[PDB]
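*Asks:* Here it is, the structure, as structure tokens.
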Amino acid sequence: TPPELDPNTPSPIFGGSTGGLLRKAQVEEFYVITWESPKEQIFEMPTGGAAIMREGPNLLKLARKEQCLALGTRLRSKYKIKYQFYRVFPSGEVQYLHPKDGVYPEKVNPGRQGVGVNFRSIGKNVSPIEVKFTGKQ
Amino acid sequence: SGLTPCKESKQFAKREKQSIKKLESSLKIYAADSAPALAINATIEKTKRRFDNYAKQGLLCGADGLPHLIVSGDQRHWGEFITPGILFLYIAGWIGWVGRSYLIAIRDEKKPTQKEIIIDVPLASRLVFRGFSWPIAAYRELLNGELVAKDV
Amino acid sequence: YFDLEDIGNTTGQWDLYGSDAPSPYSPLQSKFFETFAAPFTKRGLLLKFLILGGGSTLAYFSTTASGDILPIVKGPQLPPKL
Amino acid sequence: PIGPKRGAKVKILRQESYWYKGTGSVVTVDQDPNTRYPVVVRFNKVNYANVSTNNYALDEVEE
Amino acid sequence: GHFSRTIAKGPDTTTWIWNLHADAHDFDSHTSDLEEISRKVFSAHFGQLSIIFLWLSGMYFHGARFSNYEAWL
Amino acid sequence: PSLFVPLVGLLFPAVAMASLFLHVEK
Amino acid sequence: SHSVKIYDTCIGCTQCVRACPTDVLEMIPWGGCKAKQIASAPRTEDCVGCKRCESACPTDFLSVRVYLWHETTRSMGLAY
Amino acid sequence: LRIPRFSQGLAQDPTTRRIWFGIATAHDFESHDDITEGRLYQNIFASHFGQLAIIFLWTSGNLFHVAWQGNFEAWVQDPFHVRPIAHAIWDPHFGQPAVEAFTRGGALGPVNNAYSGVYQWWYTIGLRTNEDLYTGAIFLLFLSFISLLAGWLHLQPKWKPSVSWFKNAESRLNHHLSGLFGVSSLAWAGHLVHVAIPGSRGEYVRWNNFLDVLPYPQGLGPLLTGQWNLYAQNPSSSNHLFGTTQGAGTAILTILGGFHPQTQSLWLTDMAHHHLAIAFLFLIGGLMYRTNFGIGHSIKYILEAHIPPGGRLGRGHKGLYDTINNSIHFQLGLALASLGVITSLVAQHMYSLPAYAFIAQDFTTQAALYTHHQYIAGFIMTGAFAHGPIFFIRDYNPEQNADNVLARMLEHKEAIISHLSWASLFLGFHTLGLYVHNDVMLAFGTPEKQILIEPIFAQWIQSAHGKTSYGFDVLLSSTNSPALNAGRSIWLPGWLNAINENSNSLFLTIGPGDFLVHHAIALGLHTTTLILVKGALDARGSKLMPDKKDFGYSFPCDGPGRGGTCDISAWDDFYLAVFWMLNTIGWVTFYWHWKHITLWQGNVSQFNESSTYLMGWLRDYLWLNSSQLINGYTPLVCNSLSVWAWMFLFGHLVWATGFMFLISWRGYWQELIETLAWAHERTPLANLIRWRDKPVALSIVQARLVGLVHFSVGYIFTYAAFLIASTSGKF
Ligand code: CLA
Ligand code: CLA
Ligand code: CLA
Ligand code: CLA
Ligand code: CLA
Ligand code: CLA
Ligand SMILES: CC1=C(/C=C/C(C)=C/C=C/C(C)=C\C=C\C=C(C)\C=C\C=C(C)\C=C\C2=C(C)CCCC2(C)C)C(C)(C)CCC1
Ligand SMILES: CC1=C(C/C=C(\C)CCC[C@H](C)CCC[C@H](C)CCCC(C)C)C(=O)c2ccccc2C1=O
Ligand code: SF4
Ligand code: SF4
């Protein structure tokens with residue numbers, strides 16, 4: 001799948017809060033989320049309250065990644081809305097995470113790679129052993 | 001047993017007199033013929049009576065002037081622990097045996113937990129008296145008083 | 001509305017709040033201070049000078065007439081059993 | 001068609017199961033060789049997670 | 001849980017018993033019907049007033065038969 | 001004599017706390 | 001960061017994924033169960049370690065296990 | 001990169017968590033990065049020399065201050081009517097009334113009254129001058145150095161030992177028994193007969209004359225000839241003045257038993273004889289196991305051979321040798337267990353059998369020492385039960401221990417735990433029951449209706465020891481038996497004199513009040529053991545968490561899933577037991593102190609009646625003895641007990657502070673700090689400064705610790721403030 005990319009989009013109406021980005025964004029990382037609304041609706045917005053959704057591309061910048069998903073998972077419910085978020089970084093860069101595969105993680109997809117799958121089954125783990133590793137490899 | 005019996009005790013005897021004088025001090029302000037009067041005097045006779053009974057039944061009484069129970073098993077003082085103890089275990093087992101007998105009868109069929117929160121089954125068919133002879137559970141022991149699922 | 005990957009700074013609170021002031025200076029009296037405050041500007045050298053300045057505390061306590069270090073005198077209590 | 005009947009009672013041998021040495025009734029047993037754990041089992045008592053069923057490996061005793 | 005059918009359902013653990021009392025007065029968790037709730041709490045206030053009223057009756061009664069109020073007067 | 005040492009027992013925390021602070025932030 | 005593992009005792013009910021708020025897990029084609037799916041833990045970097053995934057697992061004991069390891073800002077859940 | 005260097009995963013923590021955890025894991029060598037069994041063993045061995053260096057330095061300072069700021073000499077000349085001095089006080093905050101009140105013991109300045117009993121100890125062994133104390137301080141300072149020298153020496157490659165060397169157990173036992181125990185005891189018996197005993201009699205035998213002064217009139221011959229009774233012909237007279245050559249015998253080895261009547265302490269001749277006696281058993285015993293000479297035993301094989309046929313212990317102790325020798329947690333838990341037991345054995349035998357001169361009359365010191373060691377013994381026991389689980393999790397090999405006595409404990413663990421529950425539930429239901437019952441009638445004004453069970457079993461033991469109180473007619477106090485006549489004078493006449501002493505603490509009189517408390521203590525023991533073994537047997541896992549083995553000894557939890565899993569680790573079970581341990585020792589020390597301060601006042605009658613109901617404890621013990629304490633500093637005056645009144649309140653404050661970390665939990669505090677992090681950022685003149693470590697709430701396990709530390713510190717300090725002051729005030 002090819003990541004779509006985000007360039008410029010308008011931000012939803014809100015007026016400000018004290019739960020926004022703070023320094024971490026400047027020096028480590030900050031996460032942005034994009035979704036399209038068929039109507040200028042009203043959504044809760046985590047770390048604050050009441051913001052108008054807007055109609056169009058809709059671009060929002062948040063922190064922790066998790067804040068974006070919470071909004072996104074609420075965005076998929078209530079309103080039938082598709083969404084995507086990325087990790088901006090401080091020096092440009094384009095890291096796109098979620099959906100990623102382009103199909104939701106909960107929905108099985110054809111070529112993902114297992115990563116950290118144990119075909120032993122739990123309870124068959126060993127006991128140390130002063131060697132490196134913990135046995136739940 | 002440095003204690004000398006409540007009969008030849010001067011402290012335990014003194015303690016009796018001390019308690020009733022205080023009670024007598026109270027009735028002086030109510031005037032006999034009155035309610036608080038008997039209640040005080042009824043309390044006094046009970047006081048005399050319990051002091052009287054304790055000396056009868058034995059009871060050794062320490063230097064402090066209060067009865068000390070002997071649970072060594074001494075035949076002279078069996079009524080102080082063993083005989084009440086035998087009576088307790090009897091009722092203690094009886095309860096234990098009746099309760100166990102209940103949960104067993106419930107388990108087959110029905111919704112077992114239904115019977116536990118609500119028991120519109122009283123003593124089941126007739127389970128209570130089964131405790132009159134609980135000690136015969138010794139014979140339940142030689143058969144299957146215990147389940148063989150875990151260990152022996 | 002205004003996010004620009006080009007400048008990551010304005011995007012964040014990178015900007016100095018208007019409390020910054022990069023304006024002119026202060027009177028020439030500085031020429032004096034710069035001369036006499038120089039030995040304390042070195043760092044590390046100053047760290048040491050202040051710690052060894054703790055030699056003052058030793059001097060001040062070795063010699064101190066009015067701190068309670070005397071009974072002044074009394075006849076002490078025995079006292080519960082002597 | 002494989003080891004355990006449909007209505008047979010079975011003793012669990014997992015060691016990590018809530019019903020480690022207990023007994024339970026089997027729902028059914030899938031026949032796909034691919035399946036690591038078929039032999040679904042019902043239990044009278046639930047575990048700390050309020051589930052009554054679980055799928056097990058072929059290794060167990062009957063009764 | 002008497003209040004709710006699934007809640008009432010059946011008991012499998014002792015936790016059910018503790019839950020039963022914990023959410024006994026939690027009227028807005030038994031229904032989403034505002035009218036049903038409001039009707040519930042309004043009646044509940046009556047039941048309250050009865051208890052405090054009974055409470056008062058015992059205070060006056062005890063003052064009459066089991067007190068020395070006259071003597072204190 | 002004994003009025004010189006309990007303060008160096010307090011110069012020492014100043015020195016120790018300073019050094020350790022430099023050690024832990026490095 | 002935190003260490004998460006998936007076990008073949010899984011049955012592919014996908015509840016561990018739906019529970020995760022940081023998107024650490026995902027479903028994978030497999031031949032081990034009737035669902036023919038299995039959980040995966042690719043993005044452990046975003047894992048906070050809250051064990052929401054474990055409280056959704058229906059397998060007799062967890063098919064997904066979270067082992068709290070080294071702490072990072074992401075794992076610490078810091079927004080500052 | 002950063003601290004901790006031994007843990008890279010810890011060092012990369014951006015938060016304040018790294019500084020905390022870096023400190024709390026410094027001694028956990030096995031968890032350090034790139035740890036090897038070689039590095040593990042000689043880190044401990046080097047850390048061992050470090051501990052010895054501290055002890056010797058600590059003991060050196062004690063000998064120093066007493067020689068420099070303590071009278072001692074003034075104390076020696078009148079041990080009864082002078083107060084020992086620990087050290088001088090120097091505090092700028094002191095007001096003039098303070099410097100006033102604390103000037104005691106004939107000192108030029110304010111000092112602290114020593115309650116460690118070092119004066120009695122040092123005086124009894126033969127220290128008479130300040131000069132002697134200095135030479136000891138210098139010698140200990142020197143001993144403290146060569147310990148560090150050895151520590152540094154074996155860290156060097158050309159002197160470092162192999163792990164196998166450490167695992168040669170057969171030879172380490174042979175030396176420790178024969179040398180470390182035997183010889184050192186033998187050497188002490190030498191100091192006793194050369195210096196302590198003659199110093200006691202009146203002669204000053206020191207380095208400049210010990211070579212020319214016979215310890216006994218007759219030569220060393222009688223020992224070598226075989227006739228050793230000659231060392232007991234002329235013992236010290238009963239009416240003997242210590243440090244005075246009055247009524248002083250010649251014998252250096254006796255068995256008199258009982259106490260030296262003036263000092264109320266055990267005879268030095270008995271002790272010189274005691275250590276000599278025990279040295280031998282240790283000396284012969286240290287030759288049991290095989291080393292390099294072709295004779296001796298094999299521990300392994302003895303463990304292997306001990307298999308009872310026909311069940312019921314299974315493989316017995318096979319492979320158990322290697323399980324212990326390969327696991328130093330087993331060894332430590334086994335060591336703490338033994339040490340913890342005899343630590344109480346010290347406490348019990350040192351108040352009943354005072355070893356030092358004029359220590360029995362120092363009531364504040366006697367109470368302090370007992371209370372001291374019981375809490376020390378307490379914590380040690382919780383450690384033996386703590387390294388137990390750690391052994392199971394980190395070093396236990398189930399297969400190598402197949403069906404042996406150790407592996408049989410895990411397979412019937414539900415049996416041990418449930419009966420400990422029963423025994424705990426039994427004791428608690430009745431001990432509390434009998435108490436509350438007794439309080440009811442005294443409230444109702446009818447104390448003759450109480451349940452006062454006479455401890456007739458224990459009183460039967462007392463009569464069996466020689467006490468002629470009660471009518472029991474048992475051994476050592478009966479009419480015909482092999483037991484008492486086996487006395488053959490010797491110990492019995494001097495000892496039977498000592499047991500029927502109404503003054504000493506040697507076998508006090510016990511009654512109904514002593515019955516209830518002993519059950520309370522029994523309740524405290526069982527419950528504490530219940531918590532500790534349950535943590536051990538479920539350390540590798542339960543049914544709520546079968547893979548607890550995979551998470552280690554200490555982890556926060558396993559989450560709110562499956563109903564909730566708070567405090568499920570073996571570490572937390574320890575942490576819960578520490579509370580119960582403090583309660584148990586608390587009851588023990590309460591019981592010891594109250595019964596003694598009533599005895600010391602010549603009023604045991606108050607204890608015998610007030611100890612049977614719980615209001616008596618709180619009023620006649622807690623309330624009654626607090627008056628002088630809480631008036632250490634008054635809105636009118638200021639006493640010498642002002643330190644203890646302040647510390648008493650101090651202990652309350654630390655104690656209540658722990659409650660915060662134990663009740664309130666992390667998620668509240670973390671969210672609170674997050675608001676404070678926002679604040680600091682948005683506050684002018686403060687923006688210029690930034691933190692290098694991210695501010696975070698303490699961890700879940702850290703808080704349980706920090707809270708327990710506060711709880712324990714305040715627990716100790718409060719009672720310490722009360723134990724000393726209340727006893728010191730009245731004396
Ligand atoms: C104006 C009065 C008022 C009213 C009408 C309510 C009503 C309600 N509350 Mg609220 N509450 C109140 C005051 C009130 N509260 C106050 C002053 C506090 C602060 C203490 C609280 C704290 C509180 C909490 C934390 C919760 C509620 C909850 C609720 C809801 C259901 C809970 C329930 O059924 O009770 C259940 C009753 C019990 C579980 C009985 C418990 C046993 C009691 C506490 C022992 C009392 C001891 C007794 C007085 C003395 C000892 C006697 C003994 C020795 C025999 C219900 C809407 C719950 C909710 O979720 O809201 C929807 C909820 O969790 N309340
Ligand atoms: C021979 C004695 C001995 C030895 C050699 C060890 C050795 C060890 N223990 Mg063990 N322990 C012991 C006795 C011993 N213990 C006893 C008697 C107990 C009962 C309490 C314990 C309970 C115990 C627990 C619960 C744990 C250990 C652990 C450990 C290991 C790492 C400890 C560490 O570095 O953390 C660092 C230690 C500190 C940073 C100590 C500072 C904190 C304490 C509270 C300071 C003292 C209190 C306070 C500061 C006093 C100030 C008051 C002030 C007002 C005056 C290490 C092998 C740990 C382990 O094995 O890892 C898995 C572990 O969790 N021990
Ligand atoms: C706030 C008020 C206050 C203060 C600041 C002090 C301060 C002091 N008191 Mg005073 N005291 C006070 C109130 C106070 N006291 C009150 C109200 C009373 C009752 C009237 C007393 C009664 C009293 C007595 C009887 C004595 C003192 C003594 C002392 C001195 C301790 C000697 C020393 O520093 O050695 C070293 C300091 C310590 C050993 C403290 C270590 C404890 C820490 C917390 C634990 C270990 C930390 C650990 C290693 C972590 C490492 C970090 C570190 C390296 C930075 C010190 C000057 C003693 C003295 O005069 O000294 C000769 C003395 O004997 N005080
Ligand atoms: C004669 C030979 C000899 C001797 C004297 C020692 C002595 C010692 N060894 Mg070594 N060892 C030896 C041979 C020997 N070893 C051999 C052949 C090997 C293997 C090949 C080892 C391997 C070894 C290891 C690995 C270690 C030691 C350690 C120790 C020290 C133990 C810690 C301690 O000081 O407490 C000594 C205890 C006592 C002196 C008394 C015994 C305890 C009783 C119960 C106390 C009660 C006494 C009394 C009633 C109370 C009096 C109190 C009063 C005085 C106030 C001790 C100095 C440890 C260490 O390094 O030191 C810290 C340790 O790590 N040894
Ligand atoms: C399991 C509970 C338990 C525990 C841990 C203890 C522990 C202790 N007891 Mg207590 N004791 C108990 C129960 C217990 N006792 C009971 C039920 C009684 C009768 C009331 C006594 C009477 C008693 C006396 C007179 C004395 C002690 C003393 C002591 C201390 C010394 C050891 C001893 O002799 O006791 C021996 C304990 C037993 C022989 C009983 C073992 C536990 C059994 C299995 C409980 C069930 C027995 C059952 C009720 C018998 C039925 C009675 C009858 C109907 C046949 C020690 C702290 C002595 C002490 O130091 O006083 C301060 C002391 O003199 N105990
Ligand atoms: C007695 C124990 C104790 C103490 C001292 C505190 C103290 C505090 N709590 Mg706590 N709490 C406690 C028990 C305690 N709590 C318990 C048992 C619970 C369970 C319910 C709680 C639950 C709780 C909650 C939910 C909260 C607090 C909060 C607070 C803080 C309020 C702000 C403040 O006053 O700062 C001032 C500090 C003091 C008054 C303490 C004494 C200060 C000393 C005297 C001065 C400094 C001494 C000296 C300079 C130290 C240097 C010596 C050197 C050697 C180190 C304060 C630190 C709140 C908070 O976070 O702040 C808003 C808060 O939200 N507490
Ligand atoms: C005599 C006496 C005494 C003693 C006692 C003793 C010491 C004993 C014992 C004992 C013992 C040591 C016992 C044991 C055991 C065991 C076991 C092993 C058990 C069991 C059981 C069971 C099984 C039960 C069951 C049941 C029943 C039957 C009833 C109900 C309940 C149930 C149901 C639960 C004294 C002297 C104290 C007192 C006096 C008297
Ligand atoms: C107050 C509190 C905090 C906040 C505590 C913090 C932030 C600790 C910071 C303490 C400050 C730095 C002062 C402490 C000074 C100490 C005397 C440390 C001395 C230095 C060395 C001896 C270590 C928690 O994080 C917490 C977590 C879980 C349960 C309960 C609680 C809890 O009660
Ligand atoms: S612990 Fe939390 S972040 Fe980690 S996999 Fe589970 S749900 Fe996702
Ligand atoms: S909860 Fe367990 S069975 Fe379900 S998808 Fe996740 S790992 Fe698989």
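Residue names in the structure tokens use chain letters A, B, ... in the order shown, residue numbers from 1 in each chain, and ligand numbers from 1 in the order shown.
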Excluding residue 112 of chain H and its own-chain neighbours fewer than 6 positions away, which residues fall within 12 Å of it when counting only C-alpha atoms? Please give them as a list in words.

*Replies:*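 Surrounding residues, per the criterion: residues 65, 66, 69, 70, 71, 83, 84, 85, 86, 87, 88, 89, 90, 99, 101, 102, 103, 104, 105, 106, 640, 641, 643 and 644 of chain H.
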
*Asks:* Write out as a VMD selection string each polymer residue whose atoms come within 9 Å of residue 24 of chain F, counting only C-alpha atoms; drop sequence neighbours fewer than 2 positions from it.

*Replies:* (chain F and resid 19 to 22 26) or (chain H and resid 2 to 4 19)

*Asks:* Which value, in Å to one decimal, gives the distance between atom 1 (S, counted along the ligand's line) of ligand 10 and atom CA of residue 556 of chain H?

*Replies:*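 Interatomic distance here is 22.2 Å.
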
*Asks:* Using only C-alpha atoms and all ligand atoms, which residues have at least one atom no more than 6 Å from ligand 7? Output them as a PyMOL selection string.

*Replies:* chain B and resi 71-73+82+93+96-97+100+137

*Asks:* Quick one: write out the picked residues with N, CA, C and O atoms as an mmCIF file, in the first residue's frame?

*Replies:*
```cif
data_model
loop_
_atom_site.group_PDB
_atom_site.id
_atom_site.type_symbol
_atom_site.label_atom_id
_atom_site.label_comp_id
_atom_site.auth_asym_id
_atom_site.auth_seq_id
_atom_site.Cartn_x
_atom_site.Cartn_y
_atom_site.Cartn_z
ATOM 1 N N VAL B 71 -7.258 -26.257 82.933
ATOM 2 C CA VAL B 71 -7.555 -27.032 81.732
ATOM 3 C C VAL B 71 -6.555 -28.161 81.502
ATOM 4 O O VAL B 71 -6.495 -28.733 80.412
ATOM 5 N N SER B 72 -5.782 -28.489 82.534
ATOM 6 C CA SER B 72 -4.786 -29.553 82.447
ATOM 7 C C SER B 72 -5.427 -30.900 82.136
ATOM 8 O O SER B 72 -4.781 -31.796 81.593
ATOM 9 N N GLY B 73 -6.703 -31.032 82.480
ATOM 10 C CA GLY B 73 -7.418 -32.279 82.301
ATOM 11 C C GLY B 73 -7.739 -32.896 83.646
ATOM 12 O O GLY B 73 -8.384 -33.940 83.718
ATOM 13 N N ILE B 82 -13.211 -29.419 79.785
ATOM 14 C CA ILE B 82 -13.433 -30.647 79.021
ATOM 15 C C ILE B 82 -14.911 -30.905 78.744
ATOM 16 O O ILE B 82 -15.305 -31.096 77.596
ATOM 17 N N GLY B 93 -19.534 -29.998 65.463
ATOM 18 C CA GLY B 93 -19.587 -31.011 64.438
ATOM 19 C C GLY B 93 -20.972 -31.060 63.826
ATOM 20 O O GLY B 93 -21.130 -31.012 62.633
ATOM 21 N N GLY B 96 -21.322 -28.584 61.362
ATOM 22 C CA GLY B 96 -20.465 -28.943 60.249
ATOM 23 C C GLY B 96 -21.026 -30.072 59.408
ATOM 24 O O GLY B 96 -20.972 -30.023 58.180
ATOM 25 N N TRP B 97 -21.571 -31.090 60.067
ATOM 26 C CA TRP B 97 -22.070 -32.263 59.360
ATOM 27 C C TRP B 97 -23.362 -31.965 58.606
ATOM 28 O O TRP B 97 -23.567 -32.461 57.501
ATOM 29 N N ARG B 100 -22.454 -29.753 55.500
ATOM 30 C CA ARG B 100 -21.823 -30.586 54.481
ATOM 31 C C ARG B 100 -22.851 -31.462 53.774
ATOM 32 O O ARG B 100 -22.828 -31.602 52.549
ATOM 33 N N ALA B 137 -20.015 -40.221 61.738
ATOM 34 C CA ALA B 137 -19.229 -39.800 60.573
ATOM 35 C C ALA B 137 -17.843 -40.444 60.560
ATOM 36 O O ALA B 137 -17.171 -40.477 59.529
#
```

*Asks:* List as a compact mmCIF listing (two decimals) with C-alpha atoms, in the first residue's frame the protein and nucleic acid residues lying within 8 Å of ligand 6, with only C-alpha atoms and all ligand atoms counted.

*Replies:*
```txt
# COMPACT_ATOMS: atom_id res chain seq x y z
CA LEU H 653 4.95 11.58 61.94
CA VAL H 654 7.06 9.14 59.91
CA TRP H 655 4.55 6.37 60.69
CA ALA H 656 1.53 8.34 59.47
CA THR H 657 3.48 9.46 56.40
CA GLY H 658 3.88 5.86 55.27
CA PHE H 659 0.10 5.55 55.34
CA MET H 660 0.04 7.98 52.40
CA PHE H 661 2.14 5.70 50.19
CA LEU H 662 0.19 2.63 51.29
CA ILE H 663 -3.37 3.94 50.86
CA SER H 664 -3.15 6.46 48.01
CA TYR H 668 -3.66 9.91 41.11
CA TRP H 669 -0.19 11.34 41.68
CA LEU H 672 -1.24 15.54 39.42
```

*Asks:* At what distance in Å, to one decimal, does atom CA of residue 420 of chain H lie from atom CA of residue 314 of chain H?

*Replies:*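 Between atom CA of residue 314 of chain H and atom CA of residue 420 of chain H the gap is 23.9 Å.
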
*Asks:* Could you write out as a PyMOL selection string the residues of chain D within 10 Å of chain G, counting only C-alpha atoms?

*Replies:* chain D and resi 14+16-19+30+32-38+47-57

*Asks:* Could you list, as a list in words, all residues that come within 7 Å of ligand 9? Count only C-alpha atoms and all ligand atoms.

*Replies:*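 Sorted by chain and then by number, the residues are residues 4, 16, 19, 20, 21, 22, 23, 24, 25, 46, 47, 48, 49, 50, 51, 52, 53, 54 and 66 of chain G.
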
*Asks:* Return as number ranges by chain every polymer residue, whether protein, DNA or RNA, with at least one atom no more than 12 Å from an atom of ligand 1; count only C-alpha atoms and all ligand atoms.

*Replies:* E: 1, 3, 17-31, 37-38, 40-45, 47-48

*Asks:* Give me the residues within 6 Å of segment 100-111 of chain A as number ranges by chain, counting only C-alpha atoms and dropping any in the same chain fewer than 5 places off.

*Replies:* G: 14, 17, 26-28

*Asks:* Okay, now the selection with N, CA and C atoms, as a PDB file, in the first residue's frame?

*Replies:*
```pdb
ATOM      1  N   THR G  14      -9.551 -11.710  17.878  1.00  0.00           N
ATOM      2  CA  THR G  14      -9.207 -10.324  17.546  1.00  0.00           C
ATOM      3  C   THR G  14      -9.559  -9.293  18.621  1.00  0.00           C
ATOM      4  N   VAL G  17      -6.602  -6.854  19.894  1.00  0.00           N
ATOM      5  CA  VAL G  17      -6.304  -5.736  19.007  1.00  0.00           C
ATOM      6  C   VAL G  17      -7.267  -4.578  19.241  1.00  0.00           C
ATOM      7  N   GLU G  26      -1.880  -6.738  15.846  1.00  0.00           N
ATOM      8  CA  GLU G  26      -2.636  -6.897  14.607  1.00  0.00           C
ATOM      9  C   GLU G  26      -2.864  -8.354  14.289  1.00  0.00           C
ATOM     10  N   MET G  27      -3.810  -8.646  13.406  1.00  0.00           N
ATOM     11  CA  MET G  27      -4.129 -10.026  13.033  1.00  0.00           C
ATOM     12  C   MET G  27      -3.307 -10.566  11.858  1.00  0.00           C
ATOM     13  N   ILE G  28      -3.049 -11.871  11.868  1.00  0.00           N
ATOM     14  CA  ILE G  28      -2.148 -12.515  10.917  1.00  0.00           C
ATOM     15  C   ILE G  28      -2.712 -13.837  10.403  1.00  0.00           C
TER      16      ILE G  28
END
```

*Asks:* Using backbone DSSP assignments, extract all strand (DSSP E) residues from chain D; output them as a ChimeraX atom specification.

*Replies:* /D:9-11,23-26,41-42,53-54,61-62

*Asks:* Running DSSP on the backbone, which parts of chain C land in alpha helix (DSSP H), as a PyMOL selection string?

*Replies:* chain C and resi 8-11+30-36+45-51+55-62

*Asks:* Generate a file of the selected residues that holds C-alpha atoms, formatted as a compact mmCIF listing (two decimals), in the first residue's frame.

*Replies:*
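Wrote it out as out.txt, contents follow:
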```txt
# COMPACT_ATOMS: atom_id res chain seq x y z
CA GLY C 8 8.96 22.74 12.67
CA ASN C 9 9.48 25.60 15.10
CA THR C 10 6.45 27.93 14.78
CA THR C 11 4.44 24.70 14.57
CA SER C 30 29.23 47.64 32.88
CA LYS C 31 32.80 48.33 31.87
CA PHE C 32 33.45 48.33 35.61
CA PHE C 33 31.63 45.11 36.52
CA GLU C 34 33.18 43.18 33.63
CA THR C 35 36.57 44.04 35.12
CA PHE C 36 35.92 42.90 38.69
CA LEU C 45 37.06 27.58 39.43
CA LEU C 46 34.13 29.31 41.13
CA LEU C 47 32.63 25.99 42.23
CA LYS C 48 35.86 25.39 44.12
CA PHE C 49 36.25 28.91 45.56
CA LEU C 50 32.79 28.70 47.13
CA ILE C 51 33.33 25.21 48.57
CA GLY C 55 36.47 27.48 55.28
CA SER C 56 34.58 30.51 56.54
CA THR C 57 32.08 28.32 58.40
CA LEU C 58 34.92 26.54 60.21
CA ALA C 59 36.49 29.87 61.16
CA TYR C 60 33.18 31.29 62.37
CA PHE C 61 32.45 28.38 64.70
CA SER C 62 35.93 27.78 66.06
```

*Asks:* Collect all residues with atoms no farther than 6 Å from ligand 2, counting only C-alpha atoms and all ligand atoms, and output them as a list in words.

*Replies:*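 Checking only C-alpha atoms and all ligand atoms against ligand 2 at 6 Å gives residues 23, 24, 25, 26, 27, 28, 379, 380, 382, 383, 386, 553, 571, 709 and 713 of chain H.
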
*Asks:* Using only C-alpha atoms and all ligand atoms, find each protein or nucleic acid residue lying at most 7 Å from ligand 5; present the set as a PyMOL selection string.

*Replies:* (chain B and resi 71-72+81-83+85-86+89) or (chain H and resi 423+426-427+453-459+514-516+518-519+522-523)
